[PDB]
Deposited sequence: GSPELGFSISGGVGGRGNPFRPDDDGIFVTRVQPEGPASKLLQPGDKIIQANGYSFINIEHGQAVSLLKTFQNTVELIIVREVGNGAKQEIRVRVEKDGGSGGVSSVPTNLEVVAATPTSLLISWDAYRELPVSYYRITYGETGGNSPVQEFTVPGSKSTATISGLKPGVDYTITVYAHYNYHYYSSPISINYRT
């Protein structure tokens, strides 16, 4: 299913963006290293038009669904960050190449007791991380999911008070604000 190779945040009533937090615009957020947009768009690029359709004052939902719906050649007008510059760009959709990287990456248990784990992940650097949120719950079993957070400058956390010899699903989310970056990372562990 042809893809453009980048993610967008923002939109009127949307969940904001880490580039110009005051601006509800549509912003290029993550760009895939080997994909269609990688030598053309950058993080923080505000989309103002795509294939003739204005992205000014657009809702996030509609922006995603227009982008997904477009032919294969998508022509964008972006504003790049004084100061600002308006730029037209052509991006051709790709079948094609890649599963997207996870955010953060390389989640692992490095030490364990019967009821405690030290987990670590690779520090996510491409975008501002205000905190990491860690959740853990018993794998596919009737159990709620428990969660806590560590500062964005931390790359390990301890999970405590686990029941001994149970399977737990552990997820780590990189949060800019209340909401997190796409592709949060998960492992399971007995």
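For this chain, the deposited residues without C-alpha positions form the stretches 1, 83-85, 195, given in sequence order.
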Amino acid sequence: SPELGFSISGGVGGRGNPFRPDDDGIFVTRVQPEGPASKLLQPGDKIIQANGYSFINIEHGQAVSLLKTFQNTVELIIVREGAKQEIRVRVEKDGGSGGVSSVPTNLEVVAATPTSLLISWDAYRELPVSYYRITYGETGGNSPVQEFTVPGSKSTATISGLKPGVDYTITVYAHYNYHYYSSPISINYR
From here on, numbers count along this sequence of modelled residues.
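Averaged over Cα atoms, the B-factor as recorded in the entry is higher for 140-148 than for the other of 55-63 and 140-148.
Residue 38: CA B factor lies in the middle third for its chain, per the PDB record. Ranked by Cα temperature factor within the chain, residue 44 sits in the lowest third according to the deposited record. Sort the chain's modelled residues by C-alpha temperature factor and residue 168 lands in the highest third, per the entry. The entry lists a Cα temperature factor for residue 29 that places it in the lowest third of the chain's modelled residues. Among all modelled residues in its chain, residue 162 ranks in the highest third by Cα B-factor.
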